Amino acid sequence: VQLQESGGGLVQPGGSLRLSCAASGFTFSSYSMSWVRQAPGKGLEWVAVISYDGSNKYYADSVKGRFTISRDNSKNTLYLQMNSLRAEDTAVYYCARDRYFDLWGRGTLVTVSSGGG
């Protein structure tokens, strides 16, 4: 029983990226799934959630209109389409199961910058 994210990487502002989350050891179809992210040295921030059957989605105000969450229950995968990326989106992205967030992946790294600081 585990979650494993992938698809993270380094991208330029305005660029796009798509995160994948492979679920194993349970029935993916039955649980709602979320994306939670964490900026360097900051707290956790909830990004989006999708229903067990993918019929209802919900986004935080900071990513609405730019991020798209989706899932394919037949391959046991959660997706996160990220468009118009900004520097503030730089974070470790976790996928978490159910309303309790009772199961997490190790996370995947997403950095948006242009060599400045």
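Numbers follow the displayed sequence, beginning with 1.
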With B-factors read from the PDB entry, the higher C-alpha mean of 92-100 and 19-27 is in 19-27
Mind pulling up the entry and telling me whether 42-50 or 61-69 has the higher mean Cα temperature factor? 61-69
Once the chain's modelled residues are ordered by C-alpha B factor and cut into thirds, is residue 81 in the lowest, middle or highest one? lowest
Assigned third (lowest, middle, highest) for the C-alpha B factor of residue 9: lowest
